[PDB]
Structures are given as C-alpha cells and as structure tokens.
Amino acid sequence: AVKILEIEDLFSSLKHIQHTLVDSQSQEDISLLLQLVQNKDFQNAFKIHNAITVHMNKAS
Amino acid sequence: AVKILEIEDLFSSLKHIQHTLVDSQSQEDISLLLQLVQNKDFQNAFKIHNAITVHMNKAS
Amino acid sequence: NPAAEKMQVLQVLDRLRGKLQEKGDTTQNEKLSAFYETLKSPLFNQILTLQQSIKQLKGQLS
Amino acid sequence: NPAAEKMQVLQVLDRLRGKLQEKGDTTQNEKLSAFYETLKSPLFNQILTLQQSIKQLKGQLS
C-alpha cells in the first residue's frame, strides 16, 4: 500500500518516454517532469520519501 | 553557518572520537550522534541541507 | 504560483502515461503512476513545501 | 521526547568536542561545530520535523 518509484528509474523512464513519445508536446511535458526529477531540492524530497517508505513497509 | 558537514566525514569522525573518547560516557554520547548520522531519514535530510547549502553560497 | 507546475505535472503524468499505453509501452506507465501518486501524497507534498521554503531562502538571501 | 534527544545531542556535541580539545583532537571539532550549528538551524530542523512525522506513521501504523 504505497509503491515507490526511485527517481533513478523514474529518470531513465522519462528519458525513454521522451524518445518514446517524440510528439513534441510530449517532450515538453516529459522534460517538465525531468526538470523536477533532476532538481536538487526536489530530488531531495523524493529521496526522503523513497527510503523512508521502504523502512515503513520493512521495519514494522 | 554554511560550510556543510558531510556525514561521511562526520561519520568517520565520530568513529575516531569514539575510540579517542574512552571515557565510557563519551562513547554513549558519541554513539548518539552516530545513530542520528546513520539514521536513514536523518541522513536524507542532512543531505538536503548539504547540497542546497552549496547552491546557496554559490548563488548567481 | 509553484502549485501551477505540480498541478500541470500531475496532469502531465497522466497524459504521458496515456500515450505510452496507446503506443504500446505499459512499462514506464508504472513510473508515471508511481511518480503521480507520490506527487499527490500528503506527507510528500509537505516535503516539497519545505524545500520550496529553502528555495525562497536562496532567492531572498543577498 | 523529540526535543529531549536533539537537546541532548547539541549538548553532546559541545561535550564531545570539549574532550577532544582537551585530549588534543582539534580536528573533528569542525564536524561538531558544523553538526551542532546545522542542528540548531531552523531550516534543517523543519526538515527533520517532517521526517519525524513520517517516522510516527511507520511507528503508529500497524
């Protein structure tokens, strides 16, 4: 009841999606996510949730 | 107050201080920092302040 | 406002993923759903809000 | 109590560093001065605050 994503896999995902959609407008939207995903501060927030979530399901 | 800290360096530091501070009570206090420093969630937050700090001092 | 970006992002996640499922890529879709849900997460939003404050610090500090 | 640990931590940083300076280890001091100070920072604090909330979840939820 959570499911993570890991910006690392999510980052490579957008890269695929970008070269997978190549609909121009799609690359722009994709790039948007890519920007946030690559954002230092943003990445920090997501990184916290990722690891902490893992501990949530892991450590009872 | 913006010279970062680096947990890797700060972690190895407590390790030294731990063996260097053989007053027993000091080991307990040292371990305290060690625990926080090694804490998954804590480590994440600290990392946020580390990089964001760097970009802070940098500025335009 | 910043919320405009995140809002567009969520809609962007659903849009992009839609094209994938339409193109035949139901692999990255899980990422768009995972990224979309997490983005919507309450506590998660709080984490971003915090970082947002830090952003103001760098923009206000001079 | 949360503040109890952090309060003891800052006090621990000053104590530890004190022994080092007394023993002849004025090297780790920079870590204790930065760790301690950064700990005091309202920004770094708010970050841990949110993280603490999440910990409450994993600790309360069953």
# chains A, B, ... in the order shown; residues from 1 in each chain; ligands from 1

$ interface_residues --of "chain D" --to "chain B" --cutoff "7 Å" --atoms "only C-alpha atoms" --output "ChimeraX atom specification"
/D:9,12,16,28,31,34-35,44,47-48,51

$ interface_residues --of "chain C" --to "chain D" --cutoff "9 Å" --atoms "only C-alpha atoms" --output "MDAnalysis selection string"
chainID C and resid 43 46:47 50:51 53:54

$ residues_around --residues "residue 56 of chain B" --least-positions-apart "5" --cutoff "9 Å" --atoms "only C-alpha atoms" --output "count of residues only"
7
